[PDB]
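Chains as they are written, first to last, in my numbering: chain A, -13 to 490; chain B, 13 to 525; chain C, 13 to 525; chain D, 17 to 519. Just so you know, even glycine gets a beta-carbon here, dropped at the ideal spot from N, CA and C.
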Amino acid sequence: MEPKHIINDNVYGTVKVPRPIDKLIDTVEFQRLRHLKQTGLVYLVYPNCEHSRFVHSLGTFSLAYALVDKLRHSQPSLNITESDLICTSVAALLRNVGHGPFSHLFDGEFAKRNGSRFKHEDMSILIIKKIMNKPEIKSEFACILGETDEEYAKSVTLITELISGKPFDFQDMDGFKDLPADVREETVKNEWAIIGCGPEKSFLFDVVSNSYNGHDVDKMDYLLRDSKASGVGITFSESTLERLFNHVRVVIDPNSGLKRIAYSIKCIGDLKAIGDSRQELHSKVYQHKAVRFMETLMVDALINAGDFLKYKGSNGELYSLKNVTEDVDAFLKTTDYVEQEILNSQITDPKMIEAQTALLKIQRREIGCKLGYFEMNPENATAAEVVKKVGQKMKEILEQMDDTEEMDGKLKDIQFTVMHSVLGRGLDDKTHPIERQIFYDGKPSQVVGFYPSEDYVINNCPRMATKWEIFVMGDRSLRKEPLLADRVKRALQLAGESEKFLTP
Amino acid sequence: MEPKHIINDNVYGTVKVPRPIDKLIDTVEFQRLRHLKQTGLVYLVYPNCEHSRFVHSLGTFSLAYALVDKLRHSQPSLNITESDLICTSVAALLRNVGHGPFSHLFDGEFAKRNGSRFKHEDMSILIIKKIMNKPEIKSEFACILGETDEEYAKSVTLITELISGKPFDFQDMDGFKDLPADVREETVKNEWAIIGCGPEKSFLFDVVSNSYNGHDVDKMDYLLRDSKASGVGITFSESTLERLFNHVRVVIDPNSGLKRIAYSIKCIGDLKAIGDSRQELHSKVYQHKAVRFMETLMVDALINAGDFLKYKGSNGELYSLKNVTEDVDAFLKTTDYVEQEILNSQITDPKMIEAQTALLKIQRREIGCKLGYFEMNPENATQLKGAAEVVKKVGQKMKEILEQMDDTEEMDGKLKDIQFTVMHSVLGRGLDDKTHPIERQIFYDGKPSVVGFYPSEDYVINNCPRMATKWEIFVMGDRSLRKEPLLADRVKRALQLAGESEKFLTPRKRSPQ
Amino acid sequence: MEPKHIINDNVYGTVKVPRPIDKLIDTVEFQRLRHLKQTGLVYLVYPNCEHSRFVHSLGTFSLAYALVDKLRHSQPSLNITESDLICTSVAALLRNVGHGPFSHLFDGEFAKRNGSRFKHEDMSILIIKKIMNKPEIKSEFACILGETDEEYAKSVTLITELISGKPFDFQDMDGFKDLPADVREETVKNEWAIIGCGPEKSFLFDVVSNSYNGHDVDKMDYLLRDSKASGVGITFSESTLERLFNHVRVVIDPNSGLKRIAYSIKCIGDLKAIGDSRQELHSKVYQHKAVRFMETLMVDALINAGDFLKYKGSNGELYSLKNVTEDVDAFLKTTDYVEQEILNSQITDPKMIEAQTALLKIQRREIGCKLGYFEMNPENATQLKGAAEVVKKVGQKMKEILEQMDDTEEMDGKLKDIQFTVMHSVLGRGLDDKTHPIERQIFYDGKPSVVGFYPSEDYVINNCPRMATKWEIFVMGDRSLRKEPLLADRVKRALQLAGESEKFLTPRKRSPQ
Amino acid sequence: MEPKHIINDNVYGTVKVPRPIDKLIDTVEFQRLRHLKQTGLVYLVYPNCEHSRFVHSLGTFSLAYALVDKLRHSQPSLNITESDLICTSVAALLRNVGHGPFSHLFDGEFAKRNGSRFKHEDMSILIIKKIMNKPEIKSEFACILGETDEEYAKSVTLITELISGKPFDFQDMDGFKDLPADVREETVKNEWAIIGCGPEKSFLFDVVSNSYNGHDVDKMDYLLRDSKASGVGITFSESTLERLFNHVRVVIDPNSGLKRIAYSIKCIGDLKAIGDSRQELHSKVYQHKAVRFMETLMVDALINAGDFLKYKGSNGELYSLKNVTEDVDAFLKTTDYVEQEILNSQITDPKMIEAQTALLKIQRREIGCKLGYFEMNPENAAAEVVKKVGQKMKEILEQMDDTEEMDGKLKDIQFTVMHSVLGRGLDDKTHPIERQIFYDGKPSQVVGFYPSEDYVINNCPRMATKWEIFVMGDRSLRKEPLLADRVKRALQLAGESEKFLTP
Ligand SMILES: [Mg+2]
Ligand SMILES: [Mg+2]
Ligand SMILES: [Mg+2]
Ligand SMILES: [Mg+2]
């Protein structure tokens, strides 16, 4: 009943670690997360954002354990077992165990240019299977998760499904909502493809990786943690989180008949704050335009250095940074110290020298300069095509400016790149996550929940849940030529208006 | 050079008080503000909201002084004088000196039922004139505000105008915006009705009481202070405020030619957070439904007790609580103490006993039972392109629905006999139902060391809901309904059906889309 | 299982109110605590210290409930019952229900000059008996505290004893601890004078009002709350409190054999922070020298107004402020609004006019001028191994020194004519002048799943000063001395010379050693 | 007039960066500080203590600039120049630029076992001379710090002296205090060995590296920053810091006649909080006993791996981790990623495999176990105390082993005795507050004073320093409580038998 450890945490005060979760924390696979920054290169703009994936993972664990333990005590008819509490807890603890260095770059532009095979969710699942089948881990968890191969393997399957599964996405297939009760009961019964548990435990899928509306404990932890680290204020607070946890129940989904996590309708504004806070932290922190400029230098360095950096894998074979996802043991040797590996390399191949040049430009702040931005409604597109169209129209406009003002190709020779940021609440361009959250009325002590009225987002939210930012990165030389820089900024705005993305 | 006092403050750490602002703080008129709760009856739901008008006024002073002092150092060409800095600072310090007890009730339902003459802004102006003409204050301020009676009087006029004036409201009238630029200048030249300063100091009107967009330092202080006291998180933070103060300049308004306070365009999101935070604190804190129920009991007590409670005015005449606004001296004897004056009264007139009964209901938590609520778009109040009409129609439709429920379920009038009242709250961002304050804030581009712009029409479409205001409609019934949930649930069902049946709301859903 | 209310609190985030504690909160007697400032007149120096006794009492309740509920889950062999948990919780909630207005002045100088009979702990016990015997409260608590009159009466007796009892003070008497342990057990057996529970529940007496070492939840709450409201940093933090709650057990006292609350020995520094934080907040906040100056004006006003202010008691008899402690009903009409009652009085008796004059001096900041201070070891009060004697000797020596200064510098009696008063403050850790509270706290070793120990004599020697208490001696003169710094500086010099010349202090130095 | 950058900071909200301080921040030498943890291995106990030397250095800069700028505005008669403000600012920014990886281990046990040449203060001074003599830095600072070689070199000398100099230590030579005014004025005049400024600017030496009483802006920043990161509450708060900055003046030292930073006497409690907060964070955070256990594993790994890890220096020569302090360019390639260099090494030499074994024990939490501790007054004597306690414990365990017939089960137990110095700074006996000058009243030349001898008697324990003596055992004893209990009993009996502890 006493925790093995109580660990100081700056968001919650402390995190309690019960036996045998301590055995998962004290593995090389979990301790690796101390050497991955939660927010990647954001620290080059917000220097206090140097918090690790380790502290996020402990925080996320603490929330998943607290929420399932609260549900078990307030609704004994759910039949939540010690096994359900530990599986859901472990999924929360290990959801993030498979990030590479600078994960969003590693899985994004680096993976795209390199044809990389696996992304962090795939690697998480591989590392979870590796950790849970270690004999010194199985001997500690067997009394909770099962002594038989069948029982233990089902428990491990549930842990990986709580991360990877999307068991409610069928409910949004066209006309599922208008089907008769009969058809519906049968469809839900035969749609159930989860192996680790039956439909009677469907609500656990809302806790760890909530694909339906993004209201998972991972989200709640990183909003609070990343707000505190960045100093950017958000409406979702520690007190907001405690309000949700004091007003949470499992109810029947009126659309599927499955058990779902619901909140008291008096908390709808508190749930809306989760999506609004996500979009705010994306706009101000994670996709800050100077962070984006430095990401382009880091991706070039990783691509140029990638063949030369080698990691020993399972069978003593060496894997390059470009192939490390092909072997879990080699992958586990990678950290954010990849940056220092490049800087300290004694390899004199021209490509290594190019990678070192790019990293040294970051440290001297020799980065691209801002040549304008606008925000736009994703609907006015019908994002890569928008970027290509804006870049082509800007080039035409700069040619016309160059010839009309007789600048002898000074404008036509300017090097610039058009980039985009998706600034959303999660989910799709058009849907606020709050619209897809179930609520209950009254103070229950079986309850059927409801989704909000169509009026709620009309009265409280902008028409679209997502905006795109289109921005221009120029050669740093343009910093000393404001008259040229001003023409590129003018061209971006005219290209936006000429495509009907912006009104003048 | 050095402040006379440095006073601890929980929002900023400290407030610096330079000479001779200390002399205004140390007056009976300013010290009275210790005994007025900034958020009225909110403390009966949020018990930590017991902060005074005194701490808000010191905070608001500190921001006005910091902002004008920053502008004077950053933009010497503005010709900001010590007299402009002190007048703007004092207007910020004293803007709230004229509140009555439980101000929003005092100036709202109490004033309406009583036909009260003056509201807090009127009383502030009267008390400002009284403070600044005290011999012991004039002797301290004459060296800054003017050694001639005429000069001193002009400074006092400026202080009161920074609170009461609306010098930019002409810019929105007629089609002033479409007028030939030259005629615009002539109109602006002849519209200038401010006596205490010329149009070259127009930007000072943005600092204290900003009628054009509500972005004054009074608003910035209360959002931070009321958020911290309530525990309700908002996007406008102390760091947001410091960002605005590090990115503020005076620029020319492209629509009037007048000097205005502007912010860097990189801070547009930080400015939008002011209006969004105001609406959030109204929805969650100031117009909390249980606060509104207890306000109805407090107003009944004040109306019933009002004739019996007397305050000595100028020349020793007694004024009732219902007439105190007619004499500044009698008004200055009023505080939130009025609640204890009623409770402790030895008057046995039936009306005093009714006031005591109502206050004892608050203390025993004998308050109305919640019988449902909904939010609505103000536009849905009519079918053409009336909050009171919404309230009357909802109440009439609920009565009809409860009659049908009563007869269909054979409840022998137990539903039809339920007493309930329908109320509304206006939950807005500070201006009109349709306009986000951010649309009416001027910004600048680049890192200047001159002409501002208003946001594109796209900004509100991409970032804000269609309407800046929402209405909440809610039902209060007899407290006894707490012990009869089956009956209470029918009334809550009737409110939802009534909203839908009058086209005020569309229903809660069985699927997202 | 579910709380009736969850109430926002700025120290803990929230306080959970289980049924039927909500019924005690919603009484006129508990709601009165909204209108008593927790730190009295401190707000005239620290304007954010306007938090009420109501918020402190809810916080204190929340800690007592959490601690006893944690002990019941961690140590089922203690046989903690629902009745023990609710009695201890209620004692914590209501310990502070009996404070008067400006309690420390009311029970201190006002009571001394007036010969007042009862102090706040006496009134708390009277008000607790009144609340728990209300028919609408007994109907809610009878199912937990007892369905027979005898059982209910025993529960109410336990609630009052957890506040007033001192069951461990015998352990320090005589040479009790050198006694043969057999005789010790029989003495402890026959010393047990508590009626509401047996000695098997002795550990509950450490929770609410801890006379033995002051480590009660009331102390833990006010240190956190008063630190946050004042902005004065202390070592005892919210995280320190959670550390104690995660490392707390009931063990056997090795000196008495009674069950006592103990902490893990790894938390000894966290416990020492409680007494050190108390002394710091006394020195910096509660006994701030400008607060003490304004207290002298407030006590004079209360004494002068006291006969004229009347409160209706049981059977409709009127009690003056000087007699209100003689009738619980009359006492319950008093709040901090007594200050406004004086200010607004229409009585023209010269004594009422004197009270109004004193309160107007506070509002205009017409307070005494500081004319020096020093700190001293209480041991230096006599030459053998008398705060009043220190104060008399300092004042007499200063007078002689000022006479010599006046004649030597030919100031024609301008120094000799200065009016001043010498005062003292006791700045201690809560027990006696010589004992650090931590020395009297039991600890345990290891991670048990039984006999505690007191700290080694080395702990205090290595970590604490020799004395747990210091005295501050300070001088208050006429406010006019603010405008005559050359005279003021001579008086400050005289205080330092007077302290040195009486061997109360050694002088400020020209080199560290 | 406007800062070039305003950078978010979790302690102050923001740090303003004026031109041309931005040019020093945007160097590889300063950016390296992002990859050195301020608190070393503390994060293995307090996982939120992962803040870098970079954020501490920016904070320390911001305080030094604010304090000297405030003094310049409040006391124009000090003749503080733009050059004094920028030299003092830069010394504060760069004081910490020369730490190695896991600095306290690197300069402590690693250096002792390796005979390492230089410590971090020496390397700071080398790196400051390298940065300030870069042509693209000199071209930016020449207009403030001097266009002539002589002027520029004087300014660079002042920056390095504000870090290394101890110009007031002569004031504590026996009998200096009792000398006549004549002798004193002459002694102070001829003791002045600072080259970068004259004695009229002595007060600047109190700002950056305060060797007299430790009341420098470096100390004030790390107490606030490390308290916030650790979640360990202290009496020194951000509001305490603002109180000091609102009540600070330069006054004449009554003992030397030199100008010194002084605080209003109403702030004596607020100054005492600095030393008390330092001792608290040492006891609870920096010298946490589990941190110490993991330090012994990390030192062994660094010693075993040190010959194999190589860094390219100035002339393309390779320097081992054990020699990197011999070449500033090789030193600048070192970071906390040395831990990952060991873990990922393909070298199969037995010593490299031993280093990897030790680091993998840290990650699996296979660390020594606690076998007791006590606190002691240093006057009852630290290396000798550790050796005596270990020898007496060994004798006591032999007597226990034979008397209880345990056939050498006690005598075979492997354990190590360690010590921690838990102090307020300075010496075992002196509270820093006793050595701080204060002033009286509200001045607008003032002579300051030191506190009465009574102040520490009434407010502080008799000694300013305590020692903690503790035992680390083989992790096997975690499963042998009866054996572990005898070692704990032996430590206590050894303390009592040497009169360090009383019954
Ligand atoms: Mg441990
Ligand atoms: Mg003062
Ligand atoms: Mg309620
Ligand atoms: Mg920039």
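query, result
"Residue environment, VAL195(B), which counts as buried when at least 16 other CB atoms sit within 10 Å", "exposed"
"C-beta neighbour in chain G for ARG422(A), strict 7 Å", "This model lacks chain G altogether; the protein chains it does include are A, B, C and D."
"Proximity winner among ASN226(D), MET368(D), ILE175(D), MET236(D), relative to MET148(D) (alpha-carbon distances)", "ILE175(D)"
"Any chain D beta carbon closer than 7 Å to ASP470(C)", "yes"
"Residues bridged to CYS355(A) [DSSP beta-bridge criterion]", "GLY460(A)"
"Minimum C-alpha distance to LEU97(C) - residue among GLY269(C), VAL220(C), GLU133(C), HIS111(C)", "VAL220(C)"
"Contact list for the segment 64 to 79 of chain C against chain A, Cβ threshold 9 Å", "none"
"Closer than 7 Å to chain C by CB, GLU514(B)", "no"
"Cβ-Cβ distance between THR311(A) and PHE104(A) below 7 Å", "yes"
"Range of the contiguous beta strand (DSSP E) that encloses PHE432(C)", "432 to 439"
"Burial state of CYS129(A), where buried means 16 or more other Cβ atoms lie within 10 Å", "exposed"
"Cβ-based burial, residue 5(D) [other Cβ within 10 Å; buried from 16]", "Since the first and last residues shown for chain D are 17 and 519, residue 5(D) lies out of range."
"Beta-carbon neighbours of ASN475(C), restricted to chain D and to distances below 9 Å", "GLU391, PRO477, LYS482"
"Where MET409(D) falls, given that 16 or more other Cβ within 10 Å makes a residue buried", "buried"
"CB contact check: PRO519(D) to chain A, cutoff 7 Å", "no"
"CB contact check: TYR323(A) to chain D, cutoff 7 Å", "yes"
"Whether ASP230(C) touches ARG107(C) by CB criterion (7 Å)", "yes"
"CB contact flag (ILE374(B), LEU293(B), <7 Å)", "no"
"Separation of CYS73(A) from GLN61(A), as counted between CA atoms", "19 Å"
"Residues from the segment 91 to 104 of chain C in contact with chain A, defined by Cβ distance under 8 Å", "none"
"Exposure of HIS231(D), with buried meaning 16 or more beta-carbon neighbours within 10 Å", "buried"
"contact_flag[the segment 440 to 452 of chain A, the segment 468 to 480 of chain B] where n(CB pairs < 8 Å) is 3 or more", "yes"
"The segment 320 to 338 of chain B touching the segment 272 to 284 of chain B, judged by at least three CB pairs closer than 8 Å", "no"
"7 Å Cβ cut-off: residues of chain B touching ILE22(D)", "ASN258"
"Any C-beta of chain A under 7 Å from that of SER523(B)", "yes"
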